[PDB]
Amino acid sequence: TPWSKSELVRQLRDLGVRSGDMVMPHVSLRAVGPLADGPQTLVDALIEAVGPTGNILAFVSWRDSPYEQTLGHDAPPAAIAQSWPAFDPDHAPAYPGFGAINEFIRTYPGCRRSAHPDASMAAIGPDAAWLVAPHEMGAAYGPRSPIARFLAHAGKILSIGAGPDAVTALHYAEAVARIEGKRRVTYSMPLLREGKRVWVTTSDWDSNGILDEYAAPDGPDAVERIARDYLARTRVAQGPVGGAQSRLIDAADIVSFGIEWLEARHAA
């Protein structure tokens, strides 16, 4: 029998979600199982669990980000440059590969959306505007990004059937780690600026692996290895949400652990 909102809310409370919390979810809907009214049921449950003073932050990205098409070029290739749609935060769909729940989150009434087309973040709650801006090219997941503010805002990472590789916030640890050999990428995104499409080319840390040994396409990347180690070494509330094994992680703690983990393994 499909899970009801009420059942999910009680499960979230059992896991340690409290009214007022700042939560970043990572969800496998297949692990959760059928929901009374589909994925919206879990969105509604998350919003009810954090309450009217709580906040939700999600990494939603963009279905049509021209990342691969512009990667490694000093400018968007001509055919891309001419016809790609500008990123419109009000209308651009979420990237399906990071979770089907994210399109439900970003279309929720009052949801705010960050301006970085590839790293785009969606937030619901009284602090949503403060969370989502600024979000500039060159600051995808590190200092000055929504993740940086989430980490200063008592953020909790709510992993609902998701693996250790899913913990986006650990890209912050990669950005700030004082280690040699860090990989960077260059790409171009089409932004809206006063109603006009403007191509912006930037470099940033490689979010597919901060060092060569973490950058195999299949992984494991550093995020995965850090989070696996962390979860083997830390008390973290665990329990079901729907049918999914779930965990509620203190974001500042896991990111601090990850900075230390990288700096202990790689020379400065």
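Note that residue numbering follows the sequence shown and begins at 1.
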{"property": "Given 90-98 and 110-118, the range whose Cα B-factors average higher in the PDB entry", "result": "90-98"}
{"property": "77-85 or 141-149, whichever carries the higher mean Cα B-factor", "result": "77-85"}
{"property": "Which of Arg178, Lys196, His171, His135 ranks first by CA B-factor in the deposited coordinates", "result": "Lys196"}
{"property": "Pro190, C-alpha B-factor rank within chain (lowest, middle or highest third)", "result": "middle"}
{"property": "Third of chain Cα B-factors occupied by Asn208", "result": "middle"}
{"property": "Assigned third (lowest, middle, highest) for the C-alpha B factor of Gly54", "result": "lowest"}
{"property": "Third of the chain's Cα B-factor distribution that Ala244 belongs to, per the entry", "result": "highest"}
{"property": "Assigned third (lowest, middle, highest) for the C-alpha B factor of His26", "result": "lowest"}
